[PDB]
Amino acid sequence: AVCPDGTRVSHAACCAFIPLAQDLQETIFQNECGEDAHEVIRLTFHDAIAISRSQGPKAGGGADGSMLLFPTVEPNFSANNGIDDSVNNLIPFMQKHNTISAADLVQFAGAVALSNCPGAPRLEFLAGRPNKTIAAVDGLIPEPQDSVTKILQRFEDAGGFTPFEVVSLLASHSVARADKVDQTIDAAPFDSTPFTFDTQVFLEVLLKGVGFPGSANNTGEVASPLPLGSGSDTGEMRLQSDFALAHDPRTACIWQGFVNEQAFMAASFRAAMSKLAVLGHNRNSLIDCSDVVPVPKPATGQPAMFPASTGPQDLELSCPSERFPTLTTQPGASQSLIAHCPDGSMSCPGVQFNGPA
């Protein structure tokens, strides 16, 4: 088909996603992999994972837009703490771009946001999820204090995910920060490059922790290898769950497998997101609109590196059968601050709408 703007696309049904991408980029992402992109990418996962094979359809409809359609239910569960701002940012798009369902809007917006993160894959995007569902029940969202057994079980119950797929999806923590785990600090990143979809998170979670970016006894948090912060440039935070996954016998070799393996990490993330984005649906019933997902920013191609203040002597390795790669170390005697802002500054407040969530 040829869309009103002149773009030739695979299917006429995909045309409406072109002005939706443009509006999302102009209004909330500004083509950056920043705070508002990060919040939307987390929303794609919390919308989709709230589904349970064992409990039946009444527990939740998966990638069904339930967070937007029932903004006062799930966003208020304690495991969904902080999800409200992303829901309030996307509801105005649901109302304006009103030929696209809330469910499709959530997944597409996640794809567009990810496209702004250098090294991300260009996600598959299928369209056609209905615009009516139910509110999910509580307890379906994994939490950072959860054990690996609990987490792997949640993902298997939700959609048959394998432990490989689960760790693959956690490549999203390469572009992720925390505001609620420690109430005294904002936007504590999970790796030293939270605006770049690289493999640093897999490397850095394997370093010995030496302190905390904020206070020392928050639920779901463990010691960080790069806890130094100053002004708005908050130190790195480490989640108990990511730490546990990196060291458990079921997942340790998969975790290490992504260190310094950018294209493998990106292709694996894409395959698992392909599955996540259609939870609650038969993929044979959705039409393929992958061609209207923006082309991602390319990585620079540089290998992973130990941040200054760290080195191979700091590794806490857990995979007996695979060789840890030989990496260089960024020069410098002490930790560099991790920038609060994509252009390296500290002053970049993201667009935020008020709303019902």
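Sequential numbering from 1, following the sequence displayed.
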{"query": "Entry-level comparison of average CA B-factors, 73 to 81 and 229 to 237, reporting the higher stretch", "finding": "229 to 237"}
{"query": "216 to 224 versus 278 to 286 - greater average Cα B-factor per the deposited record", "finding": "216 to 224"}
{"query": "Residue selected from 101, 256, 147, 184 by maximal Cα B factor", "finding": "184"}
{"query": "Options 89, 268, 174, 153 - largest CA temperature factor per the record", "finding": "153"}
{"query": "Where the record places residue 299 (Cα B-factor, split into thirds across the chain)", "finding": "highest"}
{"query": "Chain third (lowest, middle, highest) by recorded CA B-factor, residue given as residue 28", "finding": "lowest"}
{"query": "Third of chain Cα B-factors occupied by residue 159", "finding": "highest"}
{"query": "Chain-wide C-alpha B factor ranking for residue 57, given as lowest, middle or highest third", "finding": "middle"}
{"query": "CA B-factor ranking of residue 122, expressed as a third of its chain", "finding": "lowest"}
